[PDB]
Amino acid sequence: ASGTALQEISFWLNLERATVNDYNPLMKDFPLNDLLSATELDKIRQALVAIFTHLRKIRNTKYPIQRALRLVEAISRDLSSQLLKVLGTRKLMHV
């Protein structure tokens with residue numbers, strides 16, 4: 267529950283550089342960084358679809374369900390933070 271999905275994928279890669330083979334397809338190339346990098350709300354939803362497409366790889370892995378659920382919650386936390394970030398610039402009251 268502690269830490270973002272970006273931290274989780276890096277930690278799994280670090281464990282691979284120290328289980329990991331079974332979850333390697335899922336952690337091969339997550340697009341969570343792309344969602345964080347995007348400053349456009351339309352790009353963020355498109356990036357979210359890509360993150361879910363990468364998550365589909367869980368079927369061909371031995372990943373427990375609860376841990377992938379926790380990763381989903383971390384993704385949601387990052388999404389909420391990024392949505393607040395992009396909304397704060399627009400000054401919704403003034404427009």
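Mapping of the sequence shown onto the deposited numbering: residues 267 to 284, 328 to 404, in sequence order.
All C-beta atoms in this analysis are idealised placements derived from N, C-alpha and C, irrespective of residue type, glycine included.
Helix, strand or coil: which one does DSSP assign to residue i?
i	result
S268	coil
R399	helix
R365	helix
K337	coil
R283	coil
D331	coil
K371	coil
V358	helix
Do the CB positions of residue i and residue j come within less than 8 Å of each other?
i	j	result
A271	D387	yes
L345	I360	no
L396	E274	no
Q391	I367	no
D343	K371	no
Using the rule of at least 16 other Cβ atoms within 10 Å of the residue's Cβ for burial, across every protein chain shown, is residue i buried or exposed?
i	result
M336	buried
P373	exposed
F339	buried
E282	exposed
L350	exposed
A356	buried
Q375	exposed
residue 302	Within the chain, residue numbering steps from 284 directly to 328, and residue 302 belongs to the interval with no atoms modelled.
Nearest chain C C-beta to residue i closer than 8 Å, yes or no?
i	result
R399	Absent from the structure: chain C. Only one protein chain is present.
Below 8 Å on the Cβ atoms is my guess for residue i versus residue j; work out the distance and round it to an integer in Å.
i	j	result
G269	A377	About 15 Å; that fails the 8 Å criterion.
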